Amino acid sequence: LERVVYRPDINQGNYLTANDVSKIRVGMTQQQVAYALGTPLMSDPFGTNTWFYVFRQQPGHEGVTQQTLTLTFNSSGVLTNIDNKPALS
Amino acid sequence: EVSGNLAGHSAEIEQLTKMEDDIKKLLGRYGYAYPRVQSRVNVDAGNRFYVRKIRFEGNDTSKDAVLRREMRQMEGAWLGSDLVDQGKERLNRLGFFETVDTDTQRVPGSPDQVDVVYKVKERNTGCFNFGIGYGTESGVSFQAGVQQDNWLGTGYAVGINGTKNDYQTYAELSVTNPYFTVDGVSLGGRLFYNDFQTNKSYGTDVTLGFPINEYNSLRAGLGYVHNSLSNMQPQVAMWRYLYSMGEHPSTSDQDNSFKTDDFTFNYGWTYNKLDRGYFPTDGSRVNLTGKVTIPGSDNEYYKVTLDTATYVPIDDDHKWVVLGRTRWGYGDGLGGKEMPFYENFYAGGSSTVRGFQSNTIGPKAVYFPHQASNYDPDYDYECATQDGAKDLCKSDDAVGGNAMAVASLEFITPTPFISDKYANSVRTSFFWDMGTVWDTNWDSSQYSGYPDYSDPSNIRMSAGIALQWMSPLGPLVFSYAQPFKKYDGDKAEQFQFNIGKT
Amino acid sequence: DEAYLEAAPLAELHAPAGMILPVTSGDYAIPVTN
Amino acid sequence: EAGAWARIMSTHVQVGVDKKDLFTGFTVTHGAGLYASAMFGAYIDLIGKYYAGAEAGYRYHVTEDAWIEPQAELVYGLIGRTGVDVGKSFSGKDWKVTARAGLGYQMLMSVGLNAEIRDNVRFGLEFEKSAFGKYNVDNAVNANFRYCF
Amino acid sequence: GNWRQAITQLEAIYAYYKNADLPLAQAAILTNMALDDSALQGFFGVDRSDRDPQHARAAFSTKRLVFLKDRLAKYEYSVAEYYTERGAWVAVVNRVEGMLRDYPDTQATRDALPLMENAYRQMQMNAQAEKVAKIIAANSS
C-alpha cells in the first residue's frame, strides 16, 4: 500500500548552493554571513553562539537528501568555525 | 533585451518573452515574493523568502488538524506562490467554509521572512431531526435521523437514518474517516436493515480509498447482502428471472418465497478538479463506480455506473455558466443467470429527469391472470387476476430496466433581485432534460402484441426552470417542468422540489 | 463549571551544569499575589 | 360606482351591470344570474345563476397578537359549513411562535402550535378532532422537530 | 432585582451571560473566556484546546490566568504533534523552541520536550539530542 499512495514533496530548511556557500570565510561577522546566506532558521537556544543551516528535501516516491552547515561564533559575533555535512550518513 | 538583477534565472525570462504578470508569477514559483519589473525590460528578483509560521483564524468548531493537513506549503521552507495558492482550492473542495481569505505579512524583525494567514468562517454542516405520528388510522409511525459531513468538527462523515411503522421498518448507519493515515487513506462503511411488508433484506459494506495523484483517487472494498422475498405477485419479468435460476413458481399463485445470501466486491474511480463545493464555476467531475459478484455467491452479476458533470464559464466574472450533466449505466448477469430485478436502474425525479414521477421512466410491469380470489371485487388490479382477464395484463406499474442513460443541459444564471445575504445562496438555471431506460433479453417476438422494451430510441424529454438555494437548514431545490416527449404509461408531475444536498 | 479551579500548579525548570535555558519571554508573565 | 360590462369568450357573449365597499350586479349570456362581492378586515362573495354559492368572513382583532376569524362557506350544485378560527402569535429576541385553533361544523375542532428559534431550531405539533357531527375524529396528531448546526 | 426579572427584560450585566447573549456581552465592552466554548462539544466532553485560541489571547490581554496560560500552551502542543507525524522536522524544532521560550513553566512544555528528543534524532544533530536528553533528565521526577 505504502508503495503506491501519492505523497507530495516535502521541503525543509534553508536553501543552499555551493556558489554561495563557497563565499563564507572565517573572520566574517554575523551580519556579513547572514546577509550573504539569509537569516538562519536554527540555532542553539541553550547559550551556545552557533547557527545551523539545514537543506532537506524529501520528494515523492524517493529517498531523502540533506546537506547541512554549522557555523560557530565567539562571544564577539566573529565566526570561529565551519562544519559541513554534504550528505546523510 | 532583458536587464536588471536576474538571480541565475535568465533563460526562464527569455523563454517566457518568446509578460507583465508572467515574470512576477515565474519568480513567484521560487522564494521571491516582491520582485520589481520595469519596461527592453529590467527586473530585480529581490531576496529569497522563508515561511516562519502558519496560523489560522475563524476555525472555532473545526479541529485545527483539519485545516493544517490540507496545506501544501510547509513551515521552515522557502515560499512559493503556487504552493500557497493551492491551499485555497484544497480547502474549498472540502465544503466546510463560507470563504477562504488569505494574506502574506512581513516579519517586523527581518525583511526576508513572512507569515502566511488563512481566515475562514465555518458553515452549518448537516442536520439532526426526527418525527412522530399517531392516530386511529395512523396507528404508530416514527422516523428519525441525523447526518453530518463534519462531526463535531472532527472531520468524520457520519449518519444515522431509520424508521418504524406498521408495514416497513429499516435503519442505516454509516461512518467514514477521510483520513486514516497521514497520507490521505480513507476508510469507512455502513450497516443497514430493511424489512418491507414482502421484501425483507439486510446487509453491510466496507470500503477503502486512497489518492493516486493530486486530482485522482481509487476505491475498493467488500460487502454482503441477504435478500428474503415472499408473497411476490406474478409478473413476466419476475418469473423470467426466477426461471433463469432454476425456480419454478406456480402459475397464478402468489403463495411463494425465495431467499439468497450474496457476497460482492466493490470498486470505483474518482476524478474531481472542481473549484468550489457548492456553486462551482470551473472544473469537471467524473464518478465511475461498480461492483461484481464473488464466485460462490447465490447470484452472479456485475453493475457499472458513471456520473459526470462539467461547469464552463462563458464570461470574465464567473457569473454566467453552462453546466452539462450526464449519467450512464449498465449491469448484467454471469453464469447464465439474469441480473436480479431489485437492482434495476430507474430514472425520473429531481435527481434524474425533471417533470416525471419518481421511478416511472422505462418498462412497465406485465401481469399474469392470477387465480381469482376474495380481492377481485375492489381490492386488486382487475386484469391481474382470473376474475378480470384470461391473458397477459398490461400496466403502468414501472419496474425499471437493465440499462439507462440520462442527460441534461442547465444554463446557470444569476438572480440579482434580492439582497446579498440571500443572493449569495441562490442561483437559478434554465434546463433541458432527457433520458431513457431500457431492458435486454426481452422476447418481443413471443409478445408481439405488447410494447418492445428493447428499443432504446423512445427517449423521454422535458424542460423547465429551476432555482437552487443554499438554505441555512440544508440546500433545497425547487423547480417546475413541462414535458415534451412522453409515451403511453408515463405520468407527469410538473411542480417538484426536494432536498438540494445530493 | 469553574474548571480553571482544578488547574495544576506551574513548575519551575532548571538546566544542568554547563548550559542554560532560553531567556524567558516578557509576555504572559503572571505576578505572584496574595 | 355603477355601469355595464361585457366580455367575449373564445363563441359566447356575457354582459351585465355592476352597481355599488359592497358591489352587486347581474349577468346574462348570449348562465344568467346575480352576483355580489365586498371587501372591508372582512369580505363577502355571493353568486347565483341558472350552480350557486356564498363565502364570507370577518377578522376581529382581540389583542395585537391575537385574532378571531369567523368564516362561512355555502355551495349548491345552500349546503356548506361554518366556523370560527382563532389564534395568537408570540415572539422574542431570537424566536417566533404561532398558535392556532378553531371550531366549525360538518363540531370540527383543531389545535396546534408552530415555533421557530434562532436559525436552526424548528418545532411544531397539530391535532385534529371532531365530534357530534357527520364524522368523528378521535385521534389525529402530527408533530416534527428539527435542529441543524 | 431577581435574575428572572432581568431575563424577562431580556426576552421583552449578568443577564447577558445567563441568557447566552454574547454579542451583547461584547457590545457592552476576563469575560472573553466565555467565547472559547461550545454547547454540543461540551456535552460530549470534547477537548477544545485545538480550536482557535485568539479568544483566549484576547482574554489574557488570579490563578484563573494560569488556566489560560495552559490553554494557550496546549494549542501549541497539538500543532507540534501534527508536524511530528508529517515530518516537518524544522517546523517542529522551531515551534517547540517557541513553546519553551514563551511558557517554560507549563506542563505542556515538559510533555513537549520528547518531541525535540526525537526531532534531533532524525536530522543528524547529535549534540542537540544530547542536550535535550540532559535537560529532560535534570527536570525529571
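In this analysis, Cβ positions are derived from the backbone assuming ideal geometry, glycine residues included, and neighbour counts consider all displayed protein chains. We did not get these values from a lab; they are worked out from the coordinates using the rules stated.
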Exercise. Pairs under 9 Å by beta carbon, first residue within 14 Å of chain C (Cβ to nearest Cβ) and within 14 Å of B:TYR50 (Cβ to Cβ) in the range A:33-53, partner of a type outside the set (A, V, I, L, M, F, W, C) and part of a loop (DSSP other than H, G, I, E, B), six or more apart or different chains?
Worked result: A:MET42/A:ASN14; A:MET42/B:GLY76
For this session: Report yes if A:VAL4 is within 14 Å of chain B (Cβ to nearest Cβ) and either among the aliphatic types (A, V, I, L, M) or surrounded by 13 or more Cβ atoms within 10 Å (Cβ to Cβ) (or both), otherwise no.
Result: yes
Problem set entry | Long-range neighbours under 8 Å by Cβ, at least six apart or interchain, first residue within 14 Å of B:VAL236 (Cβ to Cβ) within the range B:374-393, second of a type in the set (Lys, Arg) | B:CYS383/B:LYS394
Exercise. Do we find a residue being among the acidic types (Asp, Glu) and within 13 Å of another protein chain (Cβ to nearest Cβ) anywhere in the range A:58-65?
Worked result: no
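Pick from the range B:336-379 the residues that are among the small types (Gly, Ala, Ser) and at positive phi: which of them is surrounded by the fewest Cβ atoms within 10 Å (Cβ to Cβ)?
The initial filter retains those residues of the range B:336-379 that are among the small types (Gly, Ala, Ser), namely B:336, B:347-351, B:355, B:358, B:362, B:365, B:372-373.
Cutting the leftovers down to at positive phi gives us B:336, B:348-349, B:355, B:362.
Values: B:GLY336: 8, B:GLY348: 27, B:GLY349: 18, B:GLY355: 26, B:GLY362: 28.
Selected residue: B:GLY336.
Could you tell me which of the residues B:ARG29, B:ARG52, B:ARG48 is over 31 Å from the mean Cα position of the chain (by Cα), of a type outside the set (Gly, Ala, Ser), assigned to a loop (DSSP other than H, G, I, E, B) and under 24 Å from E:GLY98 (Cα atoms)? Please lay out each step first, then the result.
Numbers: B:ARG29 fails: under 24 Å from E:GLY98 (Cα atoms); B:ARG52 fails: assigned to a loop (DSSP other than H, G, I, E, B).
Going through B:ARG29, B:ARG52, B:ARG48 in turn, the sole match is B:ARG48.
Being under 16 Å from the mean Cα position of the chain (by Cα) and either hydroxyl-bearing (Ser, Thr, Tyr) or farther than 30 Å from A:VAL4 by Cβ (or both) narrows it down to one of B:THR289, B:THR251, B:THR198, B:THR260, so name that one. Reasoning before the result, please.
On the way: B:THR251 fails: under 16 Å from the mean Cα position of the chain (by Cα); B:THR198 fails: under 16 Å from the mean Cα position of the chain (by Cα); B:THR260 fails: under 16 Å from the mean Cα position of the chain (by Cα).
Result of the check over B:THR289, B:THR251, B:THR198, B:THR260: B:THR289.
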Exercise. Of the residues that make up the range D:117-134, is at least one hydrophobic (A, V, I, L, M, F, W, C), over 30 Å from E:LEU10 (Cα atoms) and surrounded by 17 or more Cβ atoms within 10 Å (Cβ to Cβ)?
Worked result: yes
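Counting just the residues of the range B:381-438 that are assigned to a strand (DSSP E or B) and acidic (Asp, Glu), which one comes out farthest from B:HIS370 (Cα to Cα)?
Filtering the range B:381-438 for residues assigned to a strand (DSSP E or B) gives B:385, B:393-398, B:401, B:403-413, B:426-438.
Still in the running and acidic (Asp, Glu): B:396-397, B:410, B:433.
Working: B:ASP396: 17, B:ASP397: 16, B:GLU410: 46, B:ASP433: 38 Å.
If we take residues in the range B:381-438 being assigned to a strand (DSSP E or B) and acidic (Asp, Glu), then B:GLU410 is farthest from B:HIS370 (Cα to Cα).
Among B:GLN73, B:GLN86, which is the only one that is within 14 Å of chain E (Cβ to nearest Cβ) and surrounded by 15 or more Cβ atoms within 10 Å (Cβ to Cβ)?
Details: B:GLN86 fails: within 14 Å of chain E (Cβ to nearest Cβ).
Only one candidate qualifies: B:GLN73.
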Problem set entry | Search result, residues across the range E:125-141 that are over 18 Å from C:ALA17 (Cβ atoms) and in a helix (DSSP H, G or I) | E:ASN126, E:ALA129
Exercise. Does the range A:17-32 contain any residue that is facing another protein chain (nearest Cβ under 9 Å), outside any strand (DSSP E or B) and surrounded by fewer than 18 Cβ atoms within 10 Å (Cβ to Cβ)?
Worked result: yes
Problem set entry | Matching entry among E:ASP52, E:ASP37 (being assigned to a loop (DSSP other than H, G, I, E, B), of a type outside the set (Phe, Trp, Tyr), over 26 Å from A:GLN67 (Cβ atoms) and within 12 Å of the chain's Cα centre (by Cα)) | E:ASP52
Exercise. Only one of E:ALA73, E:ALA80, E:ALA112 is crowded, with 21+ Cβ neighbours inside 10 Å, more than 7 Å from every other protein chain (Cβ to nearest Cβ), of a type in the set (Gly, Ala, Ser) and under 11 Å from the mean Cα position of the chain (by Cα); which?
Worked result: E:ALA73
Exercise. Could you list, in sequence order, the residues of the range E:20-34 that are surrounded by 17 or more Cβ atoms within 10 Å (Cβ to Cβ) and either at positive phi or not acidic (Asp, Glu) (or both)?
Worked result: E:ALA25, E:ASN32, E:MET33
